[PDB]
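**Student:** First the structure, which I've put down as structure tokens, then a few questions once you've had a look.
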Amino acid sequence: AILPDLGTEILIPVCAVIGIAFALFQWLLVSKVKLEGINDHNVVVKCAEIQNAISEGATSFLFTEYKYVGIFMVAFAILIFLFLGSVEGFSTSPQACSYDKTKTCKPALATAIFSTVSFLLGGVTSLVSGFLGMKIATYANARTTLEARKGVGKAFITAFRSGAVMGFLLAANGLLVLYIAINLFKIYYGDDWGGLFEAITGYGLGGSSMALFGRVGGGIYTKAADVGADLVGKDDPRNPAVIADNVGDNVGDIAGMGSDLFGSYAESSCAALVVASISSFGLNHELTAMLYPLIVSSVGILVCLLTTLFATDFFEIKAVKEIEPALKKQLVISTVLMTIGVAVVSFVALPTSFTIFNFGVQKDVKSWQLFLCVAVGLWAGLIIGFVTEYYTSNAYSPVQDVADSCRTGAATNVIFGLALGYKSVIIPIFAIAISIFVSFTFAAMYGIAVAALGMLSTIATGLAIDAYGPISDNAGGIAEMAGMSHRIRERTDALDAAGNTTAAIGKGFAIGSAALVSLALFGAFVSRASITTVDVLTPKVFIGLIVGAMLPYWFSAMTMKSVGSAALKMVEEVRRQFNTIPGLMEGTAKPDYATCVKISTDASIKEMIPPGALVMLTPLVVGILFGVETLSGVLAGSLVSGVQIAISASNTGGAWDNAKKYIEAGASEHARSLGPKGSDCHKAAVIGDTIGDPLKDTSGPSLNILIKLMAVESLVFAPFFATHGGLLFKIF
Amino acid sequence: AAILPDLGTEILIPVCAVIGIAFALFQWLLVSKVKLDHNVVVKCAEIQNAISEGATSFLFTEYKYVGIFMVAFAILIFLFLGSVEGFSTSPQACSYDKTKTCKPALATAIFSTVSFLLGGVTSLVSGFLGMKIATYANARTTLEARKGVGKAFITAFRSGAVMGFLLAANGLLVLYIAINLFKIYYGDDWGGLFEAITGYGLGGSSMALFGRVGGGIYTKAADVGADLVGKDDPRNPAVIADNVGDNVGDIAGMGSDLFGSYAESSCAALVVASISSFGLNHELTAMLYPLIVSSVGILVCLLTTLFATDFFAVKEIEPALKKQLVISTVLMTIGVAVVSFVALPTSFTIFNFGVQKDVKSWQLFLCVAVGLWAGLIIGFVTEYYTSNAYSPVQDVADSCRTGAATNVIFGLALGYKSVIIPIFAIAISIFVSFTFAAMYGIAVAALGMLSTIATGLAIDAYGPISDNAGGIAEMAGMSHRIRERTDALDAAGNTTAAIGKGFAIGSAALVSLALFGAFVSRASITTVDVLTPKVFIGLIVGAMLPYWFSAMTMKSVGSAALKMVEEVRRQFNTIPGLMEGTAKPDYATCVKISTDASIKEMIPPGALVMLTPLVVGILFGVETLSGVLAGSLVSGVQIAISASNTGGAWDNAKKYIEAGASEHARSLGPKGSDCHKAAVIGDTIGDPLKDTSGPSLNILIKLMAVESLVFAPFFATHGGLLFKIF
Ligand SMILES: [Mg+2]
Ligand SMILES: [Mg+2]
Ligand SMILES: [Mg+2]
Ligand SMILES: [Mg+2]
């Protein structure tokens with residue numbers, strides 16, 4: 001191809017620098033809004049004091065998280081090393097390659113180390129970019145609320161700039177760190193590109209492993225705090241739970257999504273390299289083709305930068321009616337730009353033809369067909385988000401049909417909205433099915449991997465809009481609580497409901513991008529374990545498959561009780577707060593926020609530990625006791641039945657949110673029809689909302705790690721399961 | 001070569017069937033000796049008359065469609081199985097043995113159709129007669145509460161045992177009769193004999209699509225027609241229309257479903273074994289081993305039934321039902337040991353995907369046994385998760401002291417965790433079955449679960465009767481002593497019929513798979529690769545179908561309950577005398593509008609189940625349909641268990657508070673408390689999941705297979721019409 005081995009390695013890390021640079025420019029412009037148009041004073045001081053308490057509890061949350069993360073990340077690094085060393089008997093003797101039997105590779109010990117290096121790198125990059133994101137989110141929240149004094153547009157812009165910092169840091173870092181890791185490892189591995197990219201494969205697992213904390217644990221917290229909206233018998237800052245939630249608004253949708261998307265990005269990029277490593281590109285050693293996934297991802301930053309400027313600088317917002325589109329336009333602009341962008345990348349850095357591995361054979365693949373495989377992914381993303389919009393927006397028919405149920409009952413609001421989520425799934429599945437059936441065809445599993453990266457090429461703006469959402473729930477709450485001009489409070493609540501419609505898409509975007517990555521890994525694991533058939537007939541698989549299909553249902557049952565309990569742990573903790581501290585319950589003194597967070601945040605991560613086991617140990621148990629053939633069936637069942645629950649769950653929970661937020665909004669005859677702000681309908685809608693609060697933000701999103709992480713886990717430990725397979729079959 | 005000879009089998013079978021029949025007649029007869037101060041006895045009669053006007057309005061408004069469909073689909077089955085051989089009359093070499101000659105393929109097509117019609121006609125009959133004992137014996141329970149608990153409960157449980165035996169014998173007898181009228185043609189073509197007999201299974205499962213989806217939507221469209229504005233009061237026609245509903249759903253629906261589950265597992269045994277030792281050689285009493293296992297079931301359950309009629313407080317009642325189960329499980333292990341001894345050779349071969357595989361008859365006996373003891377374990381694992389008695393429902397009651405949001409969250413939690421142990425129970429059954437026999441094992445082990453279907457159905461059919469007994473008391477304004485007696489049965493009925501809901505879904509996954517394997521055995525596929533996208537897109541979209549099919553049964557029953565509140569305004573506002581006091585509401589009409597509404601709401605989910613084989617099987621291959629049939633199984637079984645158990649809890653949590661019979665139940669439980677209101681918002685969310693969206697779900701799994709088994713030659717012959725074009 002046209003772009004040379006230099007060209008890739010001088011391009012990649014420019015575009016990641018440009019990314020990080022962009023981000024720090026945007027941060028600098030949000031710093032320009034110091035905490036003339038001040039009107040009046042003392043509400044500014046009141047904002048400040050709420051914004052502080054946000055960080056008190058935010059920076060609390062993180063340190064209580066890390067208290068387990070270091071413990072976990074070492075414990076596992078050991079564990080990953082032992083299990084990867086033991087295939088070779090920790091031999092220092094160069095093994096003949098597990099692909100081209102003839103030529104000689106490095107020892108699977110020296111990958112046991114190099115896997116355990118990248119595992120730290122990844123788990124640190126997920127960590128850091130989420131820290132930086134938590135840090136900007138807590139910065140911008142009041143500096144938006146404030147800029148709402150000046151007007152809707154001027155606020156939005158200095159809120160979506162903030163959200164952009166998160167996307168571009170997260171994406172750029174994940175690209176940069178990976179890019180470095182490849183070049184530092186390529187030093188030791190030399191020409192053994194197969195062996196090299198089996199060790200990069202840990203980076204995928206590292207970010208995903210972390211994602212388990214950020215999205216399952218932090219999820220269990222965020223909605224513990226939200227569902228910690230409990231009397232008998234006192235929404236005031238004087239309730240620390242209230243401000244524990246506004247912290248959560250940031251956690252479950254910045255760290256939460258960010259970790260999952262970083263996960264979904266990284267572990268897709270590894271499954272794309274491990275097929276191409278044992279394909280044409282990696283066999284011949286054609287850097288700018290191995291690293292095509294990165295060339296794709298690196299243009300993606302460049303593209304998304306440009307498309308971000310349409311909503312930041314060229315066009316600018318006037319009316320609130322224009323706001324929810326401006327977000328959605330971004331999505332189309334990028335999708336559209338990226339198709340042109342990745343049309344060039346395909347042209348300029350792939351050879352016209354090559355072979356792509358699958359199950360022994362080298363498949364022939366013309367390089368336009370790889371363009372179709374990212375494109376199909378690119379555009380299924382755009383589709384699957386919009387199908388979602390429809391099912392989870394008060395704009396469209398079906399959310400309003402739910403709102404009309406809460407007239408008749410609270411039992412009806414919930415019934416109609418269970419049914420809504422259930423019916424949501426159809427288009428996202430068929431959409432996936434098509435993106436598979438295109439992709440499996442053109443390239444093989446490398447196509448499916450490419451296609452998952454396809455969904456995630458746009459991942460800066462994709463994140464930015466997801467990141468914009470919780471900034472505006474804080475901006476909202478910082479106005480409510482600081483008690484501001486009803487003019488301002490309307491301008492925030494505008495950004496709020498727009499972000500609400502937007503962050504349902506966000507969950508959608510992810511639950512498909514998962515299934516695509518959790519499939520990419522799955523076959524890239526089969527391609528490690530050297531399986532070539534998986535008979536649903538042969539009972540070794542089927543029993544594993546039916547049990548695999550059950551695991552999300554079980555896993556869910558944990559994440560459900562987890563949040564339900566820990567919210568009751570929050571209630572008991574506020575009861576304490578009032579009944580120990582003096583001047584709260586009176587009103588002289590405030591509560592201790594930091595402690596509300598900590599005491600609740602542990603009780604979450606504790607509650608996370610069993611779900612986390614079921615994710616992490618299912619492969620180790622199944623893979624040891626029964627073969628890789630049986631773990632194969634498990635990983636398939638977890639996939640098929642799991643993605644269903646994930647969609648239906650977080651769509652029902654978005655639907656009910658916006659049904660309640662619709663009644664509240666009163667922006668139609670019908671909304672007003674149901675919607676006195678505390679009406680009989682509003683009760684049955686808001687009963688519905690809190691049931692959704694978990695489904696939306698804890699149970700459904702957690703699900704897309706159970707699929708993802710089980711796969712990278714197995715991919716990594718495929719050697720170990722191959723070398724010590726059915727121990728329960730060895731004895732019998 | 002089998003001890004009990006081919007005469008001895010054929011003479012034994014329909015004795016048992018008729019012996020069950022004769023026991024059911026005897027049991028209906030004894031429930032007639034209960035003849036129906038004053039003005040309360042006529043109150044009860046006034047209700048019992050009105051129950052029958054509603055139920056018999058429903059059934060007749062359903063059969064408006066059942067005939068219309070059965071004939072239309074009969075057209076369709078013949079035309080499709082015909083076109084396989086070009087509607088040819090000239091006999092064709094046997095697919096099971098290339099040497100010998102089989103009958104012409106439209107001989108199967110005609111004969112499939114005959115058996116399809118029989119099976120529908122038996123499902124229809126067994127449900128019709130089942131109603132006509134529930135409707136009859138509901139008040140005769142309430143009245144007999146005037147003679148205590150154990151004298152009411154007996155004359156209730158009998159009424160359900162009648163239907164359980166009537167159903168059991170009828171299905172066995174009609175299959176048996178069909179086999180001999182069919183052998184009459186096929187002769188030595190035992191493969192092509194039992195190829196037609198499987199229509200019976202498709203017949204029985206289609207009438208479950210009417211019974212427990214249409215009748216499903218109705219049963220809990222009425223129950224959730226419990227709605228203000230404005231106002232148990234019989235001047236509201238929905239109040240009674242539900243007492244018909246409590247009957248229809250768990251009599252006609254559980255009848256039809258477990259008749260279906262039975263038929264299609266027995267058919268799936270027959271097909272497999274027709275191309276194995278037994279049916280290659282032509283050894284009847286070894287082929288018909290399924291039917292011998294069944295027929296002893298009747299006899300074992302007849303004995304056990306008498307433990308809860310002749311041979312033995314309100315605290316005593318729930319055990320009465322849980323013994324009825326354990327008894328006939330312990331009996332039937334001996335019962336089937338006998339059947340396996342006296343009707344099986346030392347050793348044999350079973351067809352799995354080409355190879356005639358070594359199987360020794362004791363290994364076959366372990367297959368019914370491992371199936372038998374799954375079906376015992378699985379429903380006890382239910383009980384634990386759906387009973388006010390045990391811990392996890394008592395947790396859900398403590399939820400409603402906090403939120404009504406919390407009641408539902410911790411219920412959605414409940415059912416989700418519910419699944420784990422039943423899934424291992426089903427999986428452990430699978431691994432042991434496939435080992436010992438192969439596909440025959442699974443199919444036998446599914447019959448192992450349904451070997452106790454006589455008494456199994458009795459406890460499922462006692463349930464709703466004793467809801468009507470609790471409500472016939474309430475509406476007839478009876479003695480408070482009497483109300484605390486009938487409502488005692490009601491509550492143990494709520495436990496028991498929740499167990500039977502897990503029993504059925506247990507059975508289902510097993511039989512769905514017995515069929516799946518048999519569909520692969522007919523289609524001649526040696527593999528089903530999860531790698532090949534032909535199957536993967538199948539598999540993922542199979543997992544999607546139940547979520548779709550739920551969304552429909554859900555919003556069906558949702559708006560259908562709101563159509564029932566619409567119709568109750570019309571009766572109050574058009575009839576002279578109602579709203580005042582003069583004239584009671586027309587019950588026949590309040591069922592009519594609601595029933596059509598339900599069966600019209602049914603028709604699109606009833607379509608999703610029915611076309612999907614056809615569209616997949618035609619457009620794409622039997623490869624793809626193999627994919628789709630494995631996804632819908634593994635996924636839909638989870639959603640099936642999650643629903644009915646999530647619902648079964650919230651009901652029993654409400655019914656715990658209402659009961660108030662322990663200090664903790666008093667703790668939450670003023671009979672309209674802050675808690676009780678949250679607990680009941682639970683129940684009315686659980687009503688569709690209880691008796692509509694979860695129990696229909698198992699017919700999506702079941703019927704998609706039998707339909708696919710029957711049309712598998714047509715799908716091979718004119719298969720991937722899209723793969724073929726490119
Ligand atoms: Mg909020
Ligand atoms: Mg909320
Ligand atoms: Mg009732
Ligand atoms: Mg009910």
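Here, A, B, ... name the chains of the structure tokens in the order displayed, residue numbers run from 1 inside each chain, and ligands are numbered from 1 in the same displayed order.
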Give the residues close to ligand 3, within 9 Å, counting only C-alpha atoms and all ligand atoms; write them as a ChimeraX atom specification.

**Tutor:** /B:223,242-243,246,464,467-468,470-471,490

**Student:** Could you tell me which residues of chain B sit within 6 Å of chain A when counting only C-alpha atoms, and give me the result as a ChimeraX atom specification?

**Tutor:** /B:405,409,413,416-417,427,527-530,537,540,543,547-548,551,554-555,634-635,681,685

**Student:** Quick one: write out the picked residues with C-alpha atoms as a tab-separated table (two decimals), in the first residue's frame?

**Tutor:**
```
chain	number	residue	atom	x	y	z
B	405	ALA	CA	-40.43	0.89	43.24
B	409	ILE	CA	-36.91	-3.98	41.69
B	413	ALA	CA	-34.17	-9.44	41.02
B	416	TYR	CA	-33.66	-13.32	37.43
B	417	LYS	CA	-31.85	-15.31	40.16
B	427	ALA	CA	-28.64	-29.16	31.73
B	527	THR	CA	-23.59	-30.61	12.30
B	528	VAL	CA	-24.75	-27.13	13.39
B	529	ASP	CA	-21.69	-24.83	13.45
B	530	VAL	CA	-21.88	-21.67	15.53
B	537	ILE	CA	-27.37	-14.99	12.38
B	540	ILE	CA	-28.76	-14.49	17.50
B	543	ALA	CA	-32.52	-15.28	20.94
B	547	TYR	CA	-38.15	-10.84	23.56
B	548	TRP	CA	-40.28	-9.82	20.56
B	551	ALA	CA	-43.36	-7.48	23.92
B	554	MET	CA	-47.25	-7.92	27.11
B	555	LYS	CA	-48.77	-4.95	25.20
B	634	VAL	CA	-31.72	-21.13	25.23
B	635	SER	CA	-32.89	-17.50	25.44
B	681	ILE	CA	-49.09	-2.84	42.42
B	685	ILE	CA	-47.63	-6.17	37.18
```

**Student:** Give the residue list for ligand 2 at 10 Å, counting only C-alpha atoms and all ligand atoms, as a PyMOL selection string, sorted by chain and then by residue number.

**Tutor:** chain A and resi 222-223+226-227+245+249+473+500+653-654+656-658+660-661+686+689-694+696-697

**Student:** Grab me every residue within 9 Å of ligand 4, counting only C-alpha atoms and all ligand atoms, and send it over as a count of residues only.

**Tutor:** 15

**Student:** What is the CA of residue 404 (chain B) to CA of residue 390 (chain B) distance in Å?

**Tutor:**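 Rounded to one decimal, the two atoms are 21.2 Å apart.
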
**Student:** So that I can see what lies close to residue 87 (chain A), please list as an MDAnalysis selection string the residues with an atom at most 12 Å from it, counting only C-alpha atoms and leaving out residues fewer than 6 positions away in the same chain.

**Tutor:** chainID A and resid 80:81 95 107:112 717:725

**Student:** Please measure the separation of CA of residue 675 (chain A) and atom 1 (Mg, counted along the ligand's line) of ligand 1, giving the value in Å to one decimal.

**Tutor:**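 These atoms are spaced 17.8 Å apart.
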
**Student:** Residues of region 91-326 of chain A in alpha helix (DSSP H) according to DSSP, as JSON, numbers by chain?

**Tutor:** {"A": [108, 109, 110, 111, 112, 113, 114, 115, 116, 117, 118, 119, 120, 121, 122, 123, 124, 125, 126, 127, 128, 129, 130, 131, 132, 133, 134, 135, 136, 137, 138, 139, 140, 141, 142, 143, 144, 145, 146, 147, 152, 153, 154, 155, 156, 157, 158, 159, 160, 161, 162, 163, 164, 165, 166, 167, 168, 169, 170, 171, 172, 173, 174, 175, 176, 177, 178, 179, 180, 181, 182, 183, 184, 185, 186, 187, 188, 189, 193, 194, 195, 196, 197, 198, 199, 200, 201, 202, 203, 204, 205, 206, 207, 208, 209, 210, 211, 218, 219, 220, 221, 222, 223, 224, 225, 226, 227, 240, 241, 242, 243, 244, 245, 246, 247, 248, 249, 250, 256, 257, 258, 259, 260, 261, 262, 263, 264, 265, 266, 267, 268, 269, 270, 271, 272, 273, 274, 275, 276, 277, 280, 281, 282, 283, 284, 287, 288, 289, 290, 292, 293, 294, 295, 296, 297, 298, 299, 300, 301, 302, 303, 304, 305, 306, 307, 308, 309, 323, 324, 325, 326]}

**Student:** Point out the residue among B:406, B:382, B:236, B:274 with the least atom-to-atom distance to residue 423 (chain B), counting only C-alpha atoms.

**Tutor:**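 For residue 423 (chain B), the nearest of the candidates is B:382.
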
**Student:** To one decimal in Å, tell me the separation between CA of residue 678 (chain B) and CA of residue 663 (chain B).

**Tutor:**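 Separation between CA of residue 678 (chain B) and CA of residue 663 (chain B): 19.1 Å.
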
**Student:** Can you check which residues of region 241-368 of chain B DSSP gives as strand (DSSP E or B) on the backbone and send them as a ChimeraX atom specification?

**Tutor:** /B:347-352,355-360

**Student:** Those selected residues, please, written with N, CA and C atoms and delivered as a PDB file, in the first residue's frame.

**Tutor:**
```pdb
ATOM      1  N   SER B 347     -30.332 -55.015  25.308  1.00  0.00           N
ATOM      2  CA  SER B 347     -29.579 -53.968  24.640  1.00  0.00           C
ATOM      3  C   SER B 347     -30.229 -53.634  23.308  1.00  0.00           C
ATOM      4  N   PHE B 348     -29.782 -52.532  22.718  1.00  0.00           N
ATOM      5  CA  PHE B 348     -30.300 -52.068  21.432  1.00  0.00           C
ATOM      6  C   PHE B 348     -29.416 -50.949  20.859  1.00  0.00           C
ATOM      7  N   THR B 349     -29.874 -50.410  19.730  1.00  0.00           N
ATOM      8  CA  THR B 349     -29.327 -49.212  19.104  1.00  0.00           C
ATOM      9  C   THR B 349     -30.344 -48.070  18.928  1.00  0.00           C
ATOM     10  N   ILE B 350     -29.848 -46.840  19.070  1.00  0.00           N
ATOM     11  CA  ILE B 350     -30.617 -45.604  18.914  1.00  0.00           C
ATOM     12  C   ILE B 350     -29.976 -44.717  17.844  1.00  0.00           C
ATOM     13  N   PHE B 351     -30.777 -44.220  16.911  1.00  0.00           N
ATOM     14  CA  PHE B 351     -30.278 -43.331  15.861  1.00  0.00           C
ATOM     15  C   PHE B 351     -29.925 -41.945  16.391  1.00  0.00           C
ATOM     16  N   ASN B 352     -28.655 -41.563  16.258  1.00  0.00           N
ATOM     17  CA  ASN B 352     -28.251 -40.156  16.397  1.00  0.00           C
ATOM     18  C   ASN B 352     -27.335 -39.746  15.258  1.00  0.00           C
ATOM     19  N   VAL B 355     -25.486 -42.877  13.072  1.00  0.00           N
ATOM     20  CA  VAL B 355     -24.952 -44.070  13.729  1.00  0.00           C
ATOM     21  C   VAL B 355     -26.012 -44.724  14.610  1.00  0.00           C
ATOM     22  N   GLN B 356     -26.117 -46.043  14.501  1.00  0.00           N
ATOM     23  CA  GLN B 356     -26.888 -46.847  15.438  1.00  0.00           C
ATOM     24  C   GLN B 356     -26.016 -47.135  16.666  1.00  0.00           C
ATOM     25  N   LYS B 357     -26.374 -46.494  17.774  1.00  0.00           N
ATOM     26  CA  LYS B 357     -25.545 -46.396  18.977  1.00  0.00           C
ATOM     27  C   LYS B 357     -25.973 -47.391  20.053  1.00  0.00           C
ATOM     28  N   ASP B 358     -25.000 -48.001  20.721  1.00  0.00           N
ATOM     29  CA  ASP B 358     -25.268 -49.010  21.741  1.00  0.00           C
ATOM     30  C   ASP B 358     -25.965 -48.367  22.938  1.00  0.00           C
ATOM     31  N   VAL B 359     -27.103 -48.949  23.332  1.00  0.00           N
ATOM     32  CA  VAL B 359     -27.870 -48.520  24.515  1.00  0.00           C
ATOM     33  C   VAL B 359     -28.452 -49.743  25.222  1.00  0.00           C
ATOM     34  N   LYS B 360     -28.122 -49.921  26.501  1.00  0.00           N
ATOM     35  CA  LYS B 360     -28.660 -51.027  27.314  1.00  0.00           C
ATOM     36  C   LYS B 360     -29.817 -50.538  28.187  1.00  0.00           C
TER      37      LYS B 360
END
```
